[PDB]
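J.: next one to model:
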Amino acid sequence: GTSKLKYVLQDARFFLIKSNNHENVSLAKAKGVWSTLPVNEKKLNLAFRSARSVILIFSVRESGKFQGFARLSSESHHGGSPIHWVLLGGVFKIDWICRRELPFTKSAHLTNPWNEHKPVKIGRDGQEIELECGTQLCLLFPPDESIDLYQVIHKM
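T.: Numbers count the residues shown, from 1 in each chain. This is the structure:
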């Protein structure tokens, strides 16, 4: 179904995350963590306190696809277990909502008002995606039947 997914996305904020390599997205999927440059870290921390859900939508540069999306479960924190990223501030904990890919060809009808109404695939790392565009983008992904959103809902 899509009902719990819609509930998680209600009144959420959405951010485009652009990664330079598949290995970092794979690490994030395995460990439930992300880290970004300080300008974006400050924005995401502000958003995490401001909204019921902050959703990161991931795309590896040059892949022509999104690789999934996740919800922040924490502000950024330093001093934890090191992460061997392929090369940065603190580490955000994230709960994956979908680990399936979506090709850009499927999102060509979605424009992002916060980036001059360019197609939603277009944007620098950290670009905020307006609510309606972000909700519809997340709903385009194939359902990920390995994930149970009951636990995600209980963190809101």
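J.: please identify the helix or strand for the closest residue in space to residue 74 that isn't next to it in sequence.
T.: Distance criterion Cβ to Cβ, 6 or more residues apart in numbering; nearest residue to residue 74, sequence neighbours excluded, is residue 93 at 4.1 Å. Where C-beta positions appear, they are placed from N, C-alpha and C, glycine not excepted. In this structure, residue 93 sits in strand 92-98 according to DSSP states H and E.
J.: given that strand, what are its sheet partners and their directions?
T.: strand 33-34 (antiparallel), strand 68-72 (antiparallel) (DSSP bridges).
J.: what's the lengthiest helix in the chain in contact with?
T.: Determined from DSSP state H, the single longest helix within the chain is helix 38-50. The contact list for helix 38-50 (Cβ atoms under 8 Å, 6 or more residues apart in numbering) reads 13, 15, 35-36, 54, 56, 72, 74-76, 89-90, 92, 125-126, 128.
J.: and the end-to-end length of stretch 98-105?
T.: Its start and end residues considered, stretch 98-105 measures 18 Å (Cα to Cα, to the nearest Å).
J.: buried sites along that stretch?
T.: 98-99, 101-102 (16 or more other Cβ atoms under 10 Å).
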